[PDB]
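> Opening piece of the complex, as it sits:
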Amino acid sequence: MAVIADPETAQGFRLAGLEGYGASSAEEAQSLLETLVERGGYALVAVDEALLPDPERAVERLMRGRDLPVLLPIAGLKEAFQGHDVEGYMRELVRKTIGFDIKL
Amino acid sequence: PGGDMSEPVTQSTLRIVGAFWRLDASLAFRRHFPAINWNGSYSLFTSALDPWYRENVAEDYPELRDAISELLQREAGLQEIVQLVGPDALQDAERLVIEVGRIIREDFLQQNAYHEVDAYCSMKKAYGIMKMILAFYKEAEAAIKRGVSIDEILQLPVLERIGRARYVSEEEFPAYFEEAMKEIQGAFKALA
């Protein structure tokens, strides 16, 4: 697989032998992620939420008919130590996938 | 011929009649009586009869009746959402409006014609029931806006008071209505 986050997180994932890329701005991360997708060897790409909050804007350009290199956002370690907004994430997901804000 | 309101007799009748009570069998199937469909039914005599209501039953009757109509309209408009997802999963305020719509359907639109008391309902008695229901709705809205749980409202002792309100005799209704207004006010004052 591969993780595209800050260089500290990328190195930490390299500690597991996983591909990592250190990017601080969204456009550089998206550009390198396009090359990673073009490589296509890895079956999963994890991108920092603080780097690409919506990687859906960049997944669809390539892998148009194929979805093997599935990708999901993950919270960057810098804010992961602080905490992650799980419930708001799930609510925005159900809004993006249904569109009625039906919770509780 | 088959409930089709487009056949010539129905079209000719509905062009002159001052009201149309689109009776439906689905409600009577659900044991809802008198099984009158509030949707697709209309009356043109409300306007000219408003002054009679104001003079004879209460000055605030038309406003209260319009409030009932608006709540019914909201409940009908939320039916597609409450059908796609259950009312338990529905939002808190939407759940409140659904519950108050059910309260209306069960305590005001319902009427037991086989009963010794409820078979006939005066205009003042209906006005009292509607006023109690709107007091409950406004109090529940105020309570929800300040952080109460929906099931807490769903179990107040005033709900069965409103339920039994329609079974009181005509002469017992005024005092019962006054005491039920006091009960609802004090109870919802008690809730945080």
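Sure, I can see it. Residues are numbered from 1 along each chain as shown, chains lettered A, B, ... in the order given.
> Quick check: residue B:170 vs chain A, distance?
For residue B:170, the distance to chain A (Cβ to the nearest Cβ, to the nearest Å) stands at 44 Å. Where C-beta positions appear, they are placed from N, C-alpha and C, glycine not excepted.
> Confirm that residue sits in a strand?
No: counting by DSSP: H, G, I helix; E, B strand; the rest coil, residue B:170 is located in no strand; its state is coil.
> Not counting sequence-adjacent ones, nearest residue to it?
Spatial nearest neighbour of residue B:170, excluding adjacent residues (Cβ to Cβ, 6 or more residues apart in numbering or on different chains): residue B:122 at 6.1 Å.
> okay, now the one you found: neighbour count?
Using other Cβ atoms under 10 Å in any protein chain shown, residue B:122 has 11 neighbouring residues.
> Distance check, it against residue B:8.
Taking Cβ to Cβ, to the nearest Å as the measure, residue B:122 falls 39 Å from residue B:8.
> For chain A, which residues are neighbours of chain B?
Proximity of chain A to chain B, by Cβ under 8 Å from any Cβ of the partner chain, involves residues A:100, A:101, A:102, A:103, A:104.
> okay, now residue B:2: neighbour count?
Neighbours of residue B:2 under the rule other Cβ under 10 Å: 4.
> check contacts around residue 44.
Assuming you mean chain A. Residue A:44 makes contact with A:1, A:2, A:69, A:70, A:71, according to Cβ atoms under 8 Å, 6 or more residues apart in numbering or on different chains.
> looking at chain B here, not the other one
For residue B:44, the contacting residues are B:18, B:19, by Cβ under 8 Å, 6+ apart.
> Also, this goes in as chain C:
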Amino acid sequence: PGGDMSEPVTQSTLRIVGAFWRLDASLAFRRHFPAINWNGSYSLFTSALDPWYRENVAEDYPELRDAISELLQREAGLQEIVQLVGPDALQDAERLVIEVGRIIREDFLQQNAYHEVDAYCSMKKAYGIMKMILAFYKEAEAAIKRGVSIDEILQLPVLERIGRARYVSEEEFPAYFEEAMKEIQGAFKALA
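One more piece, chain C, placed on the ones above:
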């Protein structure tokens, strides 16, 4: 006139005929002959002829025919959903029923009036074809229940044997029927 079956002559004929073989243009356009509309046809002589069928064809002929008709009815029922969501959305059993109905329509109901062999079909030949088709259906359903893929089933050469069965001459048919039954059993025992 215009195929309008509600025409008075056709209606007057419907009320005195013992059998009604309705042709439809949809099959005729496809060059699927005899182009008999199965859904719109009927016969009132089925019950009275059963003793003769038992005596002169096979003791189980009415049961076999009833099973065939039931499968056709089930396929007709499923076609409503097929026209709604396509054939892929159906489960394995439903799509198997659809495919068996297609096989029946193509190689039992079809009959070439000009072919030197298919133009005439003796009763025992039709019985053999029906028995082959339903034996294949039972074994295919058993395979589906045990996990064999339906598209895997559809590639069996014994399906082509069943399809070509109707072109076999009357003189040599029983050997073909026994061979095809043995092949059905062997194929669905080896392929499970």
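> and the neighbour count of residue B:2, now that chain C is in?
Applying other Cβ under 10 Å, we find 4 residues neighbouring residue B:2.
> For chain A, which residue gets nearest to chain B?
Taking Cβ to the nearest Cβ, chain B has its nearest neighbour within chain A at residue A:102, 5.1 Å off.
> Checking that residue next. Helix, strand or coil?
coil.
> Quick check: it touching residue B:91?
Yes: using Cβ atoms under 8 Å, residue A:102 makes contact with residue B:91 at a distance of 6.9 Å.
> what's the burial count for residue 86?
Since no chain was named, I'll use chain A. 9.
> I was thinking of chain B, sorry if that wasn't clear
Look at residue B:86: counted by other Cβ under 10 Å, it has 9 neighbours.
> cool, and residue A:47?
27.
> next one: residue B:87
Quick note: residue B:87 (other Cβ under 10 Å) scores 16 neighbours.
> Quick check, it in contact with residue B:98.
Yes: with contact defined as Cβ under 8 Å, residue B:87 counts as touching residue B:98 (5.3 Å).
> With adjacent residues omitted, what lies nearest to residue B:153?
Once flanking residues are discounted, residue B:153 sits nearest to residue B:140: 5.0 Å by Cβ to Cβ, 6+ apart.
> Now residue B:67: closest residue in space that isn't a chain neighbour?
residue B:134 (5.4 Å).
> secondary structure class for the one you found?
Under three-state DSSP, residue B:134 falls in the helix class.
> from chain B, which residue is nearest to chain A?
Closest approach of chain B to chain A (Cβ to the nearest Cβ) occurs at residue B:85, with a separation of 5.1 Å.
> Pretty sure that residue sits against residue A:101.
No: between residue B:85 and residue A:101 there is no contact under Cβ under 8 Å: 10.9 Å.
> following sequence is chain D, place it on the structure:
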Amino acid sequence: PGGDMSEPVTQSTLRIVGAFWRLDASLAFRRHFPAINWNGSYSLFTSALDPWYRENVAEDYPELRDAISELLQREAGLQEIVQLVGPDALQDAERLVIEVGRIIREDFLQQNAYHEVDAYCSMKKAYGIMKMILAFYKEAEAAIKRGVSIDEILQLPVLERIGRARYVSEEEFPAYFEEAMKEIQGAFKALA
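To build on what is shown above, here is chain D added in:
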């Protein structure tokens, strides 16, 4: 009566007329005039007028008309797929076809009979507009094959030139067309 083209007057008229300009109420409701249903209409004089078109408008005018008609055909075909799947979930070439068809409609087919300039259009003005649109279409197709996203292609300033082409008088049209051709070349050359 009621837009029913099946009535006897229309049908008996269609048997003798050489051209059939069918109007649509849907277009007229949207203020889309002339409101000619370009799909249902036809003309039998197109073949016989081609030598005159070659000798009096331009040598390649029939080819321009054929290409425009084929673009309209492809747009009409893709309209159903747009309505079914949604315009978002179709390929970029089909989005280009849809947008080029809409441009063709609203800049060439649409014509205001009350505007002092758009009311009357000589043959060469229409030929120039067709040439503009087809040149834009081919350049946009090359840009799509060049990786250029359609989002910026739809935003090109040349679209306003094309849209306002029909409001240019006869006297000013030659220079406007020449500069529009140059802009079509240079804008997409600037895409690189």
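> let's see the neighbour count of residue B:2 again after adding chain D.
Residue B:2 has 4 neighbours, counted by other Cβ under 10 Å.
> and residue A:92, that one's in a helix?
Yes: assignment of residue A:92 by three-state DSSP places it within a helix.
> where's it relative to residue B:104, distance?
Counting by Cβ to Cβ, the gap from residue A:92 to residue B:104 is 35 Å.
> the more surrounded of these two?
Each of residue A:92 and residue B:104 has its neighbours counted (other Cβ under 10 Å); residue B:104 has more, 21 against 12.
> Run through the residues that contact the residue lying closest to residue B:124 once chain neighbours are set aside.
Leaving aside its sequence neighbours, residue B:124 sits nearest to residue B:57 (Cβ to Cβ, 6+ apart; 5.3 Å). Counting by Cβ under 8 Å, 6+ apart, residue B:57 makes contact with B:123, B:124, B:127.
> The second one touches residue B:130, doesn't it?
I take that to be residue B:124. No: contact between residue B:124 and residue B:130 fails when scored by Cβ under 8 Å: they sit 10.7 Å apart.
> between those two, which one's more packed in?
Using other Cβ under 10 Å as the criterion, residue B:124 and residue B:130 rank with residue B:130 on top: 20 against 16.
> Surely that one is in a helix?
Yes: under three-state DSSP, residue B:130 sits within a helix.
> ok, residue A:19 - contacts?
The contact partners of residue A:19, by Cβ under 8 Å, 6+ apart, come to A:1, A:2, A:3, A:13, A:36, A:42.
> For it, give the beta-bridge partners.
residue A:2 (DSSP bridges).
> coming back round to it: now, the most widely separated pair of the contacts of residue A:19?
Based on Cβ to Cβ, the longest span within these runs between A:13 and A:36 and measures 13.4 Å.
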